[PDB]
Amino acid sequence: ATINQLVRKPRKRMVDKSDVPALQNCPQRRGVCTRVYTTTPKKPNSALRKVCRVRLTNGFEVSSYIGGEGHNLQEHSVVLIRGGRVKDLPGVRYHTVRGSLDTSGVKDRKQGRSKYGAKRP
Amino acid sequence: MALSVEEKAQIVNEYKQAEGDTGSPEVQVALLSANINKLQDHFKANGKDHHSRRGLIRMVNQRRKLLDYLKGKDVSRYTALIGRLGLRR
Amino acid sequence: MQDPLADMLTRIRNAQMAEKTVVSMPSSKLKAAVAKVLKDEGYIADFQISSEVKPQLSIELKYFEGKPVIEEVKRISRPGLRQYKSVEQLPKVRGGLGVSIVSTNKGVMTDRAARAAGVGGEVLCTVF
RNA sequence: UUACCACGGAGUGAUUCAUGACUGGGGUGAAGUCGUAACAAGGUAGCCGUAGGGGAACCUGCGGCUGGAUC
RNA sequence: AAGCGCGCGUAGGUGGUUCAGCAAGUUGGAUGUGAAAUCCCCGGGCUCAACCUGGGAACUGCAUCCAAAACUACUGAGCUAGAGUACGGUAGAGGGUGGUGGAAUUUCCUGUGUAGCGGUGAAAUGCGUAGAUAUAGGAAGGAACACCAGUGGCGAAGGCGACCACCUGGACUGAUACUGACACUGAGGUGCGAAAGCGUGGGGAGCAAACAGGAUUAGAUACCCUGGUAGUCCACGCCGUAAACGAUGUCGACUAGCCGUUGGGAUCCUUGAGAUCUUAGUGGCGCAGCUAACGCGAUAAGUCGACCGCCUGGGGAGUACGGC
RNA sequence: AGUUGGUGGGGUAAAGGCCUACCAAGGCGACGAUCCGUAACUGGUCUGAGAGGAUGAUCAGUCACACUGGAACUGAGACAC
RNA sequence: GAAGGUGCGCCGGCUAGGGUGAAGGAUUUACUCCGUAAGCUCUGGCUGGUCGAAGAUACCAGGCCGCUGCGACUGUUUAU
Ligand SMILES: [Mg+2]
Ligand SMILES: [Mg+2]
Ligand SMILES: [Mg+2]
């Protein structure tokens, strides 16, 4: 606090590490699905969320949430992954963009179509 | 205070700058030096007297501080003091 | 010890918390001169220097409605961080109601006069 | 022809990255086994340093503290 | 979440008061430069806007020069308020080195004397008819010093309790005398640092980690009991940690009071024997003030100033790795 | 250890360990030398009340590079997309 | 001697010092001290040239490194 103590050692600012290290300062990355599975949420929640392990183009292996109702993804499927974690899913820190490359948009969606890659009918 | 009043009265007049002078640095440094050298005999026989050694270290630091002040004031007076006392080892 | 000036303000400030009438303390050029600005500004009633080999500085204090006139007095140019300002950069205490004593080269004198005189200096303390 | 010097070569180190049978702790778990160590004087007051011991929380000794109940 | 366990001290940071000088800091001005574009202000042209553009402002900077001397820095000369020295005295478990004493425990020897002693909630292990415990006399040995004893004292802190002798540090106290800012703090560094622990050598009464047995318990690697080794003790080395705490860094100044206590001093009381001031400590309330509250409150966690150390959510973790 | 100075000489358009011969043991560094990782720099840009924080696209100034390493030639000017 | 590497012959040019040492001087006291040109002798430094396939040219004269068991180590022992 002393102005002399500050002169020798200036105040230091911490730099928080990104919560999406596998994305590497890019808005989205392309990867392929190595394993499609369902997992169980934490204490409060109880469901079967669809998550897939993705091998990204920079070599990172991550698991990203598959949003929406129903998906057509299996092994060896090219997907685009976006940031944003899932709070009730441990270890999931990315989202799979529906409507790009192989992952088709959710069928029969009417509200919030752009967020889930849904065509206008 | 290991120096007797006779020893203190002995060394004050040999290092006084004028009559009645007991506060001049020459008297102080000479007073500390005689006490520092006298205590060396005690600490030889009593090597576990850590509490009395704290006082001896203070007398050593006090003498150093006085000599540094005498350095700034009059370097010639400083030079004669250590030569007469045999300091700056 | 290492800031006789800030001892002056804190001696004044402590007394006004205790509703004392006069204070005493060793004097100096800065202490007497700052008392000059305070008296001519009306924050202190009067100050005297007891001219002896060890001079004191005595301030009698002002209260308007029981509350002390000096609501707050704060040192600025402490010895650890001496503060120097230009004429344009001089502080305005409480939007001009207060006074920020500034030791310019035309003697110790207020911030209002310093702007008029067009000279800066060391911002010693702020009063209100 | 000599001097300088790039490529290339030899030896020996340093550092960094990735892997490695096996091994150690850590975290999270939908809850299983063994106890019940702390929270009330938690049923031997607790905790700190240290040493020894024990399936485990822990126990014991030595010093210290109150961030201990009754009085 | 955060005051290093505590001193000393290097670099550094900051430094009582008076006079004079200087002008690096400081202040004002001038000059050169600080490219253009952009930011900003006032206008102009695209039907407006985006956009373009005119001029100005700014570029908080640097360099030089000129003025000023309140403060800082420097220089010179002083002063005593800080700091220190000289003298008398006071109190103290302050430290070190050697002796000495009493109470008690244990062990051993001897006498008396006979069925228990010891232990626990109760028991049992244990001791005892080979004569225990108890009691009396003697001897050896080690450790700690009952009463005094007191929010008492001393010490930088850790700590220090029998008495005496020797060596030795500091504090408090009174006046006079002397130096004259010689000061404060302090990264590194260095020194001391409970207990446990480690090494070498001694010593070993009591206590007692480990260990063994007896109980309790569903179990009891414990609590309880019976023993008992290291250790606790001494010398010389090492360690370097504690809830090393007032969980409150050091130094200086100021801010109502009241009630105790330790070592002094001064005046009334010269009292025989109390009272009033003052100082260095040590406690309890308490105005103001502060605090999230609890509470602190002249021994501040209030109002300030100098310096230093430290904190940036919990766990992972004061852990891994490397260095010493 | 040309390391840091000095002296003589050479060399450059020009001073200089730029090079060399000899002499001395110097030079930098907790005011962070050396080493490791990253990185073109600035005017500027974004954000912010400001102080600050982040950043160095377009445009402008400087720098470095031209498949990798090195070297000179010509030329006023290069060690030359 | 970890490992590993460079130089090394001969002939010139320049150059730095040991030792010894008539002189001379001193103590011109004496088996005295200082010192000494040349001459002998020893150790270097910096350069140039030159021959051969090869210069520590013969004889002479360590091979070295990594992991691991055992014994700490030098030593002693079954003369055969
Ligand atoms: Mg084998
Ligand atoms: Mg052998
Ligand atoms: Mg044989």
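What's counted below: heavy atoms across the whole structure, side chains too, no hydrogens, waters or symmetry copies. Lettering follows sequence order; numbering is per chain, from 1.
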Side-chain N or O of [X] closer than 4.0 Å to phosphate OP1/OP2 of [N]:
| X | N | answer |
| --- | --- | --- |
| C/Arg11 | E/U255 | no |
| B/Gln17 | E/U179 | no |
| C/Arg13 | E/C254 | no |
| B/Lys73 | E/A181 | yes |
| B/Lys48 | E/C236 | yes |

Legend entry - Backbone of C/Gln56 reached by a side-chain donor or acceptor of C/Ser27 within 3.5 Å: yes
Quick one: [X] [atom1] to [N] [atom2], roughly how many Å, whole number?
| X | N | atom1 | atom2 | value |
| --- | --- | --- | --- | --- |
| C/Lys20 | E/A253 | NZ | P | 17 Å |
| B/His50 | E/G193 | NE2 | P | 5 Å |
| B/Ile11 | E/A86 | CD1 | P | 9 Å |
| C/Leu5 | E/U17 | CG | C1' | 14 Å |
| B/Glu26 | E/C182 | CD | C1' | 12 Å |

Inset, instruction - Name all residues meeting the side chain to side chain donor-acceptor pair (under 3.5 Å) criterion together with A/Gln5; count only those two or more places apart in sequence or in a different chain, and write none if there are none. - result: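 By the side chain to side chain donor-acceptor pair (under 3.5 Å) rule, A/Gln5 matches no residue at all.
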Inset, instruction - State the pairing partner of E/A275; accept Watson-Crick or G-U wobble contacts with both distances under 3.5 Å, and report none otherwise. - result: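 Looking at the geometry, E/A275 pairs with E/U267.
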Inset, instruction - Spell out, yes or no, whether A/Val51 and A/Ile81 are grouped together once hydrophobic residues are joined by side-chain heavy atoms under 4.5 Å, including indirect joins. - result: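 The answer is no; the residues belong to distinct hydrophobic clusters.
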Legend entry - For RNA chain F, the dot-bracket pattern of Watson-Crick and G-U pairs whose distances stay under 3.5 Å, | for other-strand partners: ..((((((((.......))))))))..............((((((((....))))...))))...................
Legend entry - Base-paired stems in RNA chain D, each at least three Watson-Crick or G-U pairs under 3.5 Å: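 For RNA chain D the paired stretches long enough to count as stems (3 pairs minimum) are D:45-53 with D:58-66.
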Inset, instruction - Output the distance between atom SG (A/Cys52) and atom CD (A/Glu75), rounded to the nearest 0.5 Å. - result: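 With rounding to 0.5 Å, SG (A/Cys52) is 9.5 Å from CD (A/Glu75).
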Inset, instruction - Can you see which heavy atom on C/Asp3 is nearest to which on C/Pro79, and at what distance? - result: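 Nearest pair, atom of C/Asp3 first, then C/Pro79: OD2-CD, 3.1 Å.
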